[PDB]
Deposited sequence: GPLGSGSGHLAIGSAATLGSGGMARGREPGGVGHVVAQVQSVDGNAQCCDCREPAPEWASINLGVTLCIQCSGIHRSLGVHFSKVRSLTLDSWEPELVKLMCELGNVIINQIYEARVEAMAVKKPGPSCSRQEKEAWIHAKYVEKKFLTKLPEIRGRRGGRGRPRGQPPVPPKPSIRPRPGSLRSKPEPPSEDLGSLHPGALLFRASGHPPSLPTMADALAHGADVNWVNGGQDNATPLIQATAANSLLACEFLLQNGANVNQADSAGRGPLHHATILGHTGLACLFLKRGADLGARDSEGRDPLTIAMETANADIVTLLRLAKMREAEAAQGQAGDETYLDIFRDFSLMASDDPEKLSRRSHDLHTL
């Protein structure tokens, strides 16, 4: 709520549109972590939610975690990834005055075709998994995802844990939020049937528990020990999480 557009635009390179450098962009992509002008945000709407989730900095409400998330990413960071090879390819980015068509071609090459990426972010999924854990590196998570990292990557042969479960073990609201904006299944369990909600409640992370409930975590899911999150909350003597879970059931 605290002027979102002022705060988000005050971040490194966020006062130029990410795709065409149009000044004072008032739009955003919340899974990418970037600001966009009227023209480029309109084009992002073309791509679909898998590539880009468009929001207004001035006209839409913003959850505080999400503002903070925007502040750890930003145009400079994201362009270091998505436009990494532009200089080496000798190709020319659009400016503010360019044709809709020219911006369309650039945006599609950049985000769909992934044409300007470096070759390596060798294992994008494992990199995402590592970068989501304590202490998380959101630029590294962004780089891994741009290189095709599965947001629901399973750490096989080991514990079958996911990046979301790692971000949960790290107590990282930001990394959790980032993964969820990028399609993480809030219900995907590890080998012991313990989903992100189970982990939040094992570790006494009330904020993360509340985050997962807001995003449709299954209240009734039972782990390999037959425990749902309420049972873990009782057994850990955690009055706040018991309260949450009981309220969520109502």
| query | finding |
| --- | --- |
| Ranges of the deposited sequence (numbered from 1) for which no C-alpha atom is modelled | 1 to 31, 153 to 196, 326 to 368 |
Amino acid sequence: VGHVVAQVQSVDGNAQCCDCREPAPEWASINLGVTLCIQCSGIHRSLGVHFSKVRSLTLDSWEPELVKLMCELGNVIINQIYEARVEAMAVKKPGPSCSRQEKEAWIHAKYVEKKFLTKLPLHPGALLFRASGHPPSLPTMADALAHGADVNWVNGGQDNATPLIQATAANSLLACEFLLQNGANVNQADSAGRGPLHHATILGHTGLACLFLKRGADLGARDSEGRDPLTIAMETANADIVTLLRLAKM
From here on, numbers count along this sequence of modelled residues.
item	value
Greater mean Cα temperature factor according to the PDB record, 172 to 180 or 129 to 137	129 to 137
Entry-level comparison of average CA B-factors, 76 to 84 and 153 to 161, reporting the higher stretch	153 to 161
Selection by C-alpha B-factor (highest) of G33, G195, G42, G216	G216
B-factor third for the C-alpha atom of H108 within its chain	middle
Relative C-alpha B-factor of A237, binned into the chain's lowest, middle or highest third	highest
Third of chain Cα B-factors occupied by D19	lowest
Among modelled residues of the same chain, the CA temperature factor third for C37	lowest
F51 CA temperature factor, ranked by third within the chain	middle
